[PDB]
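Numbering of residues begins at 1 and proceeds along the displayed sequence. Atoms within a ligand are numbered from 1 in the order they appear, just like the ligands themselves. Atoms considered below: every heavy atom in the structure, side chains included; atoms not considered: hydrogens, waters and symmetry mates.
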Amino acid sequence: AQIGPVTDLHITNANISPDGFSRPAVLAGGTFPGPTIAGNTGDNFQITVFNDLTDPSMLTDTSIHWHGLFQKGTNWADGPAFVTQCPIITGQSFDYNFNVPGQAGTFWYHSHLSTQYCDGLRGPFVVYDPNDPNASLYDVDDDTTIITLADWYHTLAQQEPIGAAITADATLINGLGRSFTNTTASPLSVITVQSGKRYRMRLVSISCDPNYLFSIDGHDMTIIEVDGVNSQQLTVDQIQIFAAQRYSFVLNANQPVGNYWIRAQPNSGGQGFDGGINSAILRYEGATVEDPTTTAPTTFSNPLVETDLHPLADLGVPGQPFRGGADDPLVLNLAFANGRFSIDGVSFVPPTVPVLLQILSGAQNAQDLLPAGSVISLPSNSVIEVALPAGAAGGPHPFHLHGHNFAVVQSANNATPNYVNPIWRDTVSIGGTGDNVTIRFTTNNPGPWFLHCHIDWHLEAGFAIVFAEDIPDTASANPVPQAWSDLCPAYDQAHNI
Ligand SMILES: *[C@@H]1O[C@H](CO)[C@@H](O[C@@H]2O[C@H](CO)[C@@H](O)[C@H](O)[C@H]2NC(C)=O)[C@H](O)[C@H]1NC(C)=O
Ligand SMILES: *[C@@H]1O[C@H](CO)[C@@H](O[C@@H]2O[C@H](CO)[C@@H](O)[C@H](O)[C@H]2NC(C)=O)[C@H](O)[C@H]1NC(C)=O
Ligand SMILES: [Cl-]
Ligand SMILES: [Cu+2]
Ligand SMILES: [Cu+2]
Ligand SMILES: [Cu+2]
Ligand SMILES: [Cu+2]
């Protein structure tokens with residue numbers, strides 16, 4: 001069952017075996033993935049997070065981010081450790097109390113301390129729209145239509161050896177899948193449909209790293225939502241989904257009653273489907289309980305291409321229709337060397353005092369904010385353009401901006417910008433060498449907003465900056481509760497800082 005919008009959420013350690021290999025994990029709600037948090041557009045969420053963690057190998061502190069929610073006036077509840085809060089210490093709790101005006105769609109939540117979400121603290125977050133403009137396109141939209149894609153590691157995140165390549169051990173679809181090596185025939189997830197019905201499938205990448213080529217044998221998929229933004233209908237037969245992205249698609253259960261493979265091929269780790277890796281099962285009601293016998297095509301006829309997506313609403317693009325046609329045009333120099341990422345020559349290392357607290361304490365320009373060189377001020381009520389030219393090792397990098405969604409004026413693998421009707425989203429692949437993926441947004445949300453690669457291993461290696469949007473108005477716009485004010489002193493005491 002779905003929980004929320006007002007709920008407790010316990011964070012605990014437990015052993016799990018989603019691919020037949022047992023290891024300890026960091027879990028929300030006792031499960032991997034965590035339980036779906038849900039409500040309606042405009043609701044007040046009050047998620048009281050109880051930190052009950054005791055195993056230091058996966059960190060006993062935590063902080064939770066509500067990915068894609070704008071947090072306007074509630075920057076303190078956004079979750080990124082050392083940006084908007086100090087972590088919650090073990091044996092304590094914290095009420096993330098916020099509202100979701102003007103948003104409806106598919107989101108997710110995850111730890112935002114170190115690489116802890118990789119150890120299991122990840123789950124779906126759905127904001128339903130009682131007056132959804134896409135409602136007539138489908139018959140079913142509920143917990144049974146959520147599809148999560150996750151990477152899973154046998155080695156604990158904190159224990160990944162310095163200097164060795166990090167790859168996953170399994171792909172998990174709805175929490176189940178088979179290991180790439182020493183594959184055993186552990187249970188696969190089943191997604192059940194009834195012949196003739198239409199389903200709003202909510203596809204959520206909760207990945208720490210790989211992108212997936214997602215498809216369903218025999219079926220096609222009509223995209224209706226991108227990262228919370230309603231789209232015009234776009235029919236595709238494969239979706240390349242990057243870490244932290246979401247799509248909703250209509251699945252028409254219009255094939256013969258049977259079993260069909262659901263495929264999610266990561267860009268690293270096990271290649272193909274031998275032994276049922278990278279797989280789940282779409283089962284029609286009345287089908288035999290047995291594995292599918294279907295195959296994929298050699299070549300997909302209609303893969304998703306991002307420039308084919310367009311908003312359902314007339315969203316346009318802010319600013320003027322040319323490069324640099326913004327109030328604050330930025331071009332970030334994104335680089336990697338010697339194990340560390342950098343943005344404009346600075347590798348991100350989290351500060352001791354959270355950025356928001358530094359601002360509330362009176363730091364009022366970005367040159368006064370720590371970490372030095374990692375915080376960039378943005379002016380209020382302005383059009384911002386950010387160019388994110390690719391080339392840094394480890395790509396393609398899915399960049400994500402907190403506090404905002406943005407127009408994707410230029411997408412991967414295509415040198416032509418779109419100043420008319422590009423999709424808006426919150427996580428975008430910056431592509432490959434020579435690309436110039438570029439985003440635009442307007443600054444109407446005061447506070448410090450993280451911008452980073454959502455490959456969690458790259459964030460940990462410094463691939464981030466903070467946009468301190470409207471520093472002068474941050475304090476007035478974001479009143480803080482006493483419980484938030486108490487986080488830093490409690491954390492610093494517990495850690496002898
Ligand atoms: C990506 O686009 C940005 C503009 O959005 C380009 O930035 C220009 O860079 C040149 C030097 O390369 C400067 O002289 C300009 O001041 C920049 N701003 C402009 C033209 O608006 C950037 O070069 C592009 N990068 C790639 C790799 O194509
Ligand atoms: C590369 O991106 C451009 C810009 O988004 C795409 O160009 C648009 O193509 C559509 C469909 O033909 C036209 O309606 C638009 O007028 C084009 N816009 C512009 C600014 O050119 C283009 O299709 C993409 N290339 C590929 C191969 O998908
Ligand atoms: Cl966000
Ligand atoms: Cu996220
Ligand atoms: Cu986010
Ligand atoms: Cu990256
Ligand atoms: Cu983040």
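Put simply, the side chain of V428 does not reach to within 4.5 Å of the side chain of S411, judged on heavy atoms. With contacts defined as side-chain heavy-atom distances shorter than 4.5 Å, the pair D61/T90 does not qualify. Side-chain contact check for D426 versus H67: some heavy-atom pair is nearer than 4.5 Å. No side-chain heavy atom of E460 sits under 4.5 Å from any side-chain heavy atom of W457. You'll find the side chain of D95 stays beyond 4.5 Å of the side chain of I47, heavy atoms only. Within the 4.5 Å cutoff, side-chain heavy atoms of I423 are placed close to those of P311.
At the shortest separation from atom 17 (C) of ligand 1 among protein heavy atoms lies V331 CG2, 4.7 Å. Ranking the protein heavy atoms by distance from atom 5 (O) of ligand 1 puts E385 OE1, 3.6 Å first. Among all protein heavy atoms, the one lying closest to atom 27 (C) of ligand 1 is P389 CB, 3.9 Å. Closest to atom 20 (C) of ligand 1, if we only count protein heavy atoms, is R323 CB, 4.9 Å.
Judged by a 6.0 Å distance limit and a 45° cone about the ring axis, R23 is positioned over the six-membered ring of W152.
The presence of a protein heavy atom under 4.0 Å from atom 12 (O) of ligand 1 is ruled out. Within the 4.0 Å cut-off (strictly below), a protein heavy atom is located near atom 24 (C) of ligand 1. Inside a 4.0 Å radius of atom 7 (O) of ligand 1 there is at least one protein heavy atom.
Remark: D142 does not engage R202 in a salt bridge, criterion side-chain N to carboxylate O under 4.0 Å.
For atom 22 (C) of ligand 1, the candidate residues are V437, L332, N436; the nearest heavy-atom contact is made by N436.
Taking a 4.0 Å cut-off on heavy atoms, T438 fails to register as neighbouring ligand 1.
Below the 2.8 Å limit, the Cu ion (ligand 5) has as protein N, O or S neighbours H65 NE2, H400 NE2.
Proximity of the aromatic rings of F450 and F348 is defined here by a centroid distance below 6.0 angstrom, and this criterion is met.
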Derivation of the side chain to side chain donor-acceptor pair (under 3.5 Å) call for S114 and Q158: CA-CA 9 Å; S114 182; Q158 303 298 315; 3.0 Å; yes
